[PDB]
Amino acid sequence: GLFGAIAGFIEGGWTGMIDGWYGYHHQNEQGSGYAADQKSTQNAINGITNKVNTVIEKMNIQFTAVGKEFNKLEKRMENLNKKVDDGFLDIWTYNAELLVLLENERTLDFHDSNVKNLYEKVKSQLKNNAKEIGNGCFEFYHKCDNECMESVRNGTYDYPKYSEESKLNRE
């Protein structure tokens, strides 16, 4: 994708995370589990629901539209009516297919951006207290319990609390 996260440095998705589009997987002495980031998922849902509604609202309802009849001496008028009907159908088919293609590309890039931004938020919090092991995973240089993991997930990670221990194990 444009932001390099989905199908990029994060190779695959998580079937085990069913509660959201983006989230975290943790592993410490207390166990393991998946936790969706509710803030980013809900914000994305609102944006995407906005996009689909905008596409539907932009297309007015088609009210009654039937054909006309012409006698054998009105061929020019009949062909003009056909040219109008065919021309409008050409444009609306064109507009509809292109709008979906264009918005589909942006939607996938939008999801790619959210994953990258979420990744950078964690990386900017941990700093040198952890190391990038690839695949979007961080290995802590200190013990990180469930309360410590929750602090990373909600953006309140206490970096000074673990700096001394991390530096020792970072050696």
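The first residue of the shown sequence is 1; numbering continues from there.
If you average the C-alpha B-factors over 103-111 and over 124-132, the higher value belongs to 124-132. Per the PDB record, of the two stretches 139-147 and 44-52, 139-147 carries the greater mean B-factor over its C-alpha atoms. When all modelled residues of the chain are sorted by CA temperature factor, residue 9 is found within the middle third.
In the deposited entry, the Cα temperature factor of residue 16 places it in the middle third of its chain's modelled residues.
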